[PDB]
Visitor: 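Got a structure for you, questions after.
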Amino acid sequence: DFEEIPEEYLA
Amino acid sequence: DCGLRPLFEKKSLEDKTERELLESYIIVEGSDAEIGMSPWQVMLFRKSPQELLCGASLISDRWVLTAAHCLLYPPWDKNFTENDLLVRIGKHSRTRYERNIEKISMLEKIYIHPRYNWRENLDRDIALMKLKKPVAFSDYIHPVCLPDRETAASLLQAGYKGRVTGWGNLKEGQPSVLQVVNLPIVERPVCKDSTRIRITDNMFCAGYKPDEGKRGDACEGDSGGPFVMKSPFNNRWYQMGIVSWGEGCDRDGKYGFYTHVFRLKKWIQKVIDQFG
Ligand SMILES: O=C(Cn1c(Cl)cnc(NCC(F)(F)c2cccc[n+]2[O-])c1=O)NCc1cc(Cl)ccc1-n1cnnn1
């Protein structure tokens, strides 16, 4: 149930 | 400037429970933290799946302290590497992406104490994480201080209270916001007599005795978080311990065990000036 974080950090 | 919170010490405002700590210098059963109450609180976030991994603390603009078992623990098949995790600083809400407040940083390198004992009792449960790039401080992001020999000697005494914070379980129940609880340090003999686990000088335990009425303890997900104390000498917050282990959560007769930060400062210093 975690809110999606920006893709800039996931990349 | 470590240990001075932008929203409290810097403005000469006190949080609602620090007085309790001061009066003693002579997360289960906790409460919601106040905004900016623990600016050094760090959340170790796992990329896939996106979930809470552990707590941690900010000790400088580029270094984060946590518990070794948060990254390496063979019994539970845990062996995370740099790219498996993210560091979320300045947070309050557990699950929400706090836009314009929190800062997510990537890991450059992980350093686990060479003599960390995961096989037996989590002796030397400590690890350092170097961030790829410096995190900018703010009202919600600020480093805590590390104790020196004198600070440890004067504050690490049975009866003296410390503060533990984390987004871990509320019962042995996920919190909406960062939780906090103040707990008294317990005499070594009592800590030893409460468990069959072998205790070392690299740990200390804390929590209320059954006859003390009050309760509280860290729980799953709080590991790696800070156990801090506010020095009555210079009014700065010092991280004296790291949430390490316990048998269950908040059980009568049991206590939480924390990594003795000062005892391992030699290693911390060595790592920081050698690789950082
Ligand atoms: O769970 C952990 C870490 N952790 C791990 Cl990795 C293994 N065994 C734990 N408890 C069982 C034990 F026998 F003691 C113990 C201690 C050391 C080594 C092996 N065992 O077997 C333990 O607590 N930390 C979270 C935590 C910290 C505190 Cl300070 C208090 C409670 C808890 N929690 C313990 N379980 N959930 N939360």
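Labels below follow one simple rule: chain letters A, B, ... track the order of the sequence lines, proteins then strands, and each chain is numbered from 1. Side chains included, hydrogens not; waters and symmetry mates left out as well; all remaining heavy atoms used. All ligand and atom numbering here is 1-based and tracks the order in the structure.
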Visitor: So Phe45(B) and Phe2(A), would you call those rings parallel, tilted or perpendicular, with 30° and 60° as cut-offs?
Guide: perpendicular

Visitor: May I ask you to list the atoms of ligand 1 that are less than 4.0 angstrom from any heavy atom of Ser223(B)?
Guide: 2 (C), 24 (N), 25 (C)

Visitor: I'd like to know whether ligand 1 has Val243(B) as a neighbour, heavy-atom separation below 4.0 Å.
Guide: yes

Visitor: Counting from 1, what ligand 1 atoms have a heavy atom of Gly256(B) closer than 4.0 Å?
Guide: 29 (Cl)

Visitor: Looking only at distances, please establish whether an N/O atom of ligand 1 is found under 3.5 Å from an N/O atom of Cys249(B).
Guide: no

Visitor: Which ligand 1 atoms does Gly248(B) reach within 4.0 Å, using its non-hydrogen atoms?
Guide: 31 (C), 33 (N), 34 (C)

Visitor: For atom 14 (F) of ligand 1, what's the nearest protein heavy atom and its distance?
Guide: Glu247(B) CG, 3.1 Å

Visitor: What about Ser244(B): any of its N or O atoms under 3.5 Å from an N or O on ligand 1?
Guide: yes

Visitor: For atom 15 (C) of ligand 1, find the nearest protein heavy atom and state the residue, atom name and distance (0.1 Å precision).
Guide: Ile197(B) CD1, 3.8 Å

Visitor: Can you list, pair by pair, the side-chain donor-acceptor contacts under 3.5 Å of residues 82-93 of chain B, counting residues two or more places apart and other chains?
Guide:
{"from": "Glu82(B)", "atom 1": "OE2", "to": "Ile110(B)", "atom 2": "N", "distance (Å)": "2.9"}
{"from": "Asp84(B)", "atom 1": "OD2", "to": "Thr81(B)", "atom 2": "N", "distance (Å)": "3.3"}
{"from": "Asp84(B)", "atom 1": "OD2", "to": "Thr81(B)", "atom 2": "OG1", "distance (Å)": "3.4"}
{"from": "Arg88(B)", "atom 1": "NE", "to": "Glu102(B)", "atom 2": "OE1", "distance (Å)": "2.7"}
{"from": "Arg88(B)", "atom 1": "NH2", "to": "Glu102(B)", "atom 2": "OE1", "distance (Å)": "3.1"}
{"from": "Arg88(B)", "atom 1": "NH2", "to": "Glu102(B)", "atom 2": "OE2", "distance (Å)": "3.0"}
{"from": "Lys91(B)", "atom 1": "NZ", "to": "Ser93(B)", "atom 2": "O", "distance (Å)": "3.2"}
{"from": "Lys91(B)", "atom 1": "NZ", "to": "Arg96(B)", "atom 2": "O", "distance (Å)": "2.9"}
{"from": "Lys91(B)", "atom 1": "NZ", "to": "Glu98(B)", "atom 2": "OE2", "distance (Å)": "3.0"}
{"from": "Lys91(B)", "atom 1": "NZ", "to": "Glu102(B)", "atom 2": "OE2", "distance (Å)": "2.8"}
{"from": "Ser93(B)", "atom 1": "OG", "to": "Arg96(B)", "atom 2": "N", "distance (Å)": "3.4"}

Visitor: Backbone, side chain, both or neither: what part of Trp245(B) comes under 4.0 angstrom of ligand 1, heavy atoms only?
Guide: both

Visitor: Before you tell me yes or no, could you show the steps for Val144(B) and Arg236(B) under side-chain contact (heavy atoms from CB on, under 4.5 Å), namely the whole-Å CA-CA distance, both residues' side-chain angles and the distance that decides it to 0.1 Å?
Guide: CA-CA 8 Å; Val144(B) 68; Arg236(B) 291 173 187 263; over 6 Å; no

Visitor: For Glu120(B), counting its heavy atoms only, list the atoms of ligand 1 lying under 4.0 Å from any of them.
Guide: 18 (C), 19 (C)

